[PDB]
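Q: Provided hereafter are the protein sequence and its experimental coordinates.
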There are 2 protein chains.
Amino acid sequence: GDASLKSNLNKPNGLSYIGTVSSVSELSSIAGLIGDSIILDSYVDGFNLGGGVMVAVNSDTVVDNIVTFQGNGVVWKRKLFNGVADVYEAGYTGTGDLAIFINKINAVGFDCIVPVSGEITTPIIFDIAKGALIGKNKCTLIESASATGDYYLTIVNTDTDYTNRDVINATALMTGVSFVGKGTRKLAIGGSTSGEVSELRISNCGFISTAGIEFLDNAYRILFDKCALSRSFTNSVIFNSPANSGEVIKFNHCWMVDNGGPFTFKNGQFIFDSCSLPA
Amino acid sequence: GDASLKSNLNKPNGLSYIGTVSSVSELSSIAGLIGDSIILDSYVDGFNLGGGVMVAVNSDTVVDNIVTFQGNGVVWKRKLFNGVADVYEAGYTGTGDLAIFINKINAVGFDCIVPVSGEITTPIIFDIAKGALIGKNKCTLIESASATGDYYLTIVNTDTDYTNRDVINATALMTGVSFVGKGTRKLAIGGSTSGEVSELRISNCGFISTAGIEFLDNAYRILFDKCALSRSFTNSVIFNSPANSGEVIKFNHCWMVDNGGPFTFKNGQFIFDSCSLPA
């Protein structure tokens, strides 16, 4: 009856009488009119992570599976999105490969916020033309035993245009992330097919027990702003005179101890400022 | 019937059966009791931006059109506002003059978060006594062709009190914004009527194709922390010996290339640290 329904809705738990969408996978079958608002419990069923109020927009809306999602005759967009994308909104559940969701957010064109620690397996591709990489809550990325390849993280710039270079690189930022490797995989900066990776601030980051940092082509004027590069295996820094690379590479207040591999500076221009090494 | 209504509310899209307020303009005519909660779809009708759950507060509450909004016999306040104001919450719809909403948020006294790129036309007045200016997601502000005046951004401090100077200037911050001018307008720091603009960190910012950076009265110890100042027209930096200005002005890891105007240092004390120029 109406009296029971009205009374149930007015109870302190009255919201529990409104239906919800359990997951993003279910969202693809939910139809609606433009402007309809629905409750999304979670990205993945039962995890209570990455949900929110969704609103129906035109079916031609670009779907990024972070803010906008496929619907049945519409697209569902986060109604109250503040512009800041985190890995929970991209589908991370607290287990599995965190690198998948770091790659996904950056590939869409948002800053990637990682407010959680976890394990990484697939190599990370961090494109400074598409956003920043921001760790929070002591963000620690621990490489899994099964992780393969020569690189756990490669920093690129898919923008090869001159006009956009200064615009893109001025804001380039990676901050607040500690990587715990197993001594087999490196961090790469640049690439022969990459645009110029320059004016990148890498601040408050740890690179512990990795296989080193390797500079590729088109990588210069990188600013390591208070970072740790310690306990490295086989190599610490690799600069094997790559083309269009090496100008004013600066380590500011960096802590580099207990490493098990050389700093190979074949050409290039390197600045250590208030650093400590090697212990 | 009652069973149809109850089951519709319990459907996965059950929230769509709850009414909503379409815009802030409509919100002005919405009445309610103190504590009533309503759904705001958007600041401007149909854009799905800047909405949220609103709660009715006392009718004498100060309305700032960011957190609090006028109602019919009450004031509507953002129920879940966390203190962080973005341009969407101030009325930005994805097009138009972003400078209007930067000015509005700063004038009220919040940090202004700009998680989007767009155009600027009206001159920005950035008061460091009121909050910071923070760009996200490769924030790029492109000056419109119709923008007039000599300045696109002026950085001031309306607090002229000595006691508050150190308190205010310690946290002064502008970060993460690339300004792309058309060669006609400058950036001004200070002013004869301004309080002392000092200890300001300008980090990860771009000043590209502008008419230069001009120091006015009461501007000193500015820290340009990894910025681009490139492709300038007519002037790059103007320091025409202004009064109470010039102490330890530092460019840290700055990219200053392809400029078309001089760095005029008539008096003053300037520090270039790990900069590159002029190409």
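A: Looks like it came in fine. Numbers count the residues shown, from 1 in each chain, chains lettered A, B, ... in the order given.
Q: ok, now which ones touch the closest residue to chain B within chain A?
A: Nearest residue of chain A to chain B, counting by CB to the nearest CB: residue A:83, 2.6 Å away. (C-beta placed from N, C-alpha, C; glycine too.) Residue A:83 sits next to B:86, B:88, B:113, B:115, B:116, B:136, B:137 when contact means CB atoms under 8 Å, 6 or more residues apart in numbering or on different chains.
Q: do that again at 7 Å, thanks
A: B:86, B:115, B:116, B:136, B:137 (CB atoms under 7 Å, 6 or more residues apart in numbering or on different chains).
Q: burial check on the residue found closest to residue A:105 once you drop the neighbours it is linked to in the chain, number of neighbours?
A: Spatial nearest neighbour of residue A:105, chain neighbours left out: residue A:112 (4.0 Å); criterion: CB to CB, 6 or more residues apart in numbering or on different chains. Residues near residue A:112, counting by other CB atoms under 10 Å in any protein chain shown, number 26.
Q: so who does residue A:112 touch?
A: A:85, A:102, A:105, A:106, A:131, A:133, A:134.
Q: repeat for residue A:259
A: Contacts of residue A:259 by CB under 7 Å, 6+ apart are A:230, A:231, A:232, A:236, A:278.
Q: how much space separates the second one from residue A:15?
A: Right, residue A:231. 50 Å (CB to CB, to the nearest Å).
Q: now do the helices in the stretch 51-200 of chain A.
A: With DSSP state H, counting those that start in this stretch as the criterion, the stretch 51-200 of chain A has helices at A:98-108, A:162-169.
Q: could you export the ones you listed as a markdown table, including mean neighbour count?
A: Converted to a markdown table, those look like this (neighbours: other CB atoms under 10 Å in any protein chain shown):
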| stretch | mean neighbour count |
| --- | --- |
| helix A:98-108 | 21 |
| helix A:162-169 | 20 |
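Q: nearest residue to the middle of chain A?
A: The centre of chain A sits closest to residue A:102, judged by CA atoms, centre = their mean, with a distance of 3.4 Å.
Q: that one: what's it in contact with?
A: A:87, A:112, A:114, A:124.
Q: spatially nearest residue to residue A:180, not counting backbone neighbours?
A: Nearest one to residue A:180, counting by CB to CB, 6+ apart, is residue A:142 at 4.5 Å.
Q: burial of that neighbour, as a residue count?
A: 17.
Q: interface residues of the stretch 101-250 of chain A facing chain B?
A: A:110-111, A:131, A:166-168, A:170-171, A:173, A:199, A:201, A:221, A:223, A:247-248, A:250 (CB under 7 Å from any CB of the partner chain).
Q: near the closest residue to residue A:200 other than its chain neighbours, how many other residues are there?
A: When the adjacent residues along the chain are set aside, residue A:200 lies closest to residue A:172, with 4.3 Å between them (CB to CB, 6+ apart). Neighbour count of residue A:172, defined by other CB under 10 Å: 25.
Q: wait, residue A:172 touches residue A:126, no?
A: No - Residue A:172 is beyond contact range of residue A:126, at 9.9 Å (criterion: CB atoms under 7 Å).
Q: just to revisit the earlier point, now which of the contacts of residue A:259 would you call buried?
A: Using 16 or more other CB atoms under 10 Å in any protein chain shown as the burial test, the contacts of residue A:259 include A:230, A:231, A:232, A:236 as buried.
Q: correct me, but the last one touches residue A:211?
A: No - with contact defined as CB under 7 Å, residue A:236 does not count as touching residue A:211 (9.4 Å).
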